[PDB]
């Protein structure tokens, strides 16, 4: 299991990705796409298929997509993501 953490400085903009998931607690939250020319793509830090285990230190284990969204809405200039490779 390859797990790593990345800290992204978004320079006032979005991370440049879309995540997908359900409200079923243990379903995984996955990175589904990368915006062309966006931060995620330019850094090459995260990719499609990657599972998000935590955001800003708050675990998503057994948490619905709505929780991930709640956290993202409170993201500051720097966002930390714990990633699990598929």
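Numbering follows the first chain given and starts at 1.
For the pair 19-27 and 74-82, the record assigns the higher mean C-alpha temperature factor to 74-82.
In the deposited entry, the Cα temperature factor of residue 56 places it in the highest third of its chain's modelled residues. When the CA B factors of the chain's modelled residues are split into thirds, the value for residue 64 lands in the lowest one.
Annotation for residue 35: CA B-factor lies in the highest third of the chain's modelled residues.
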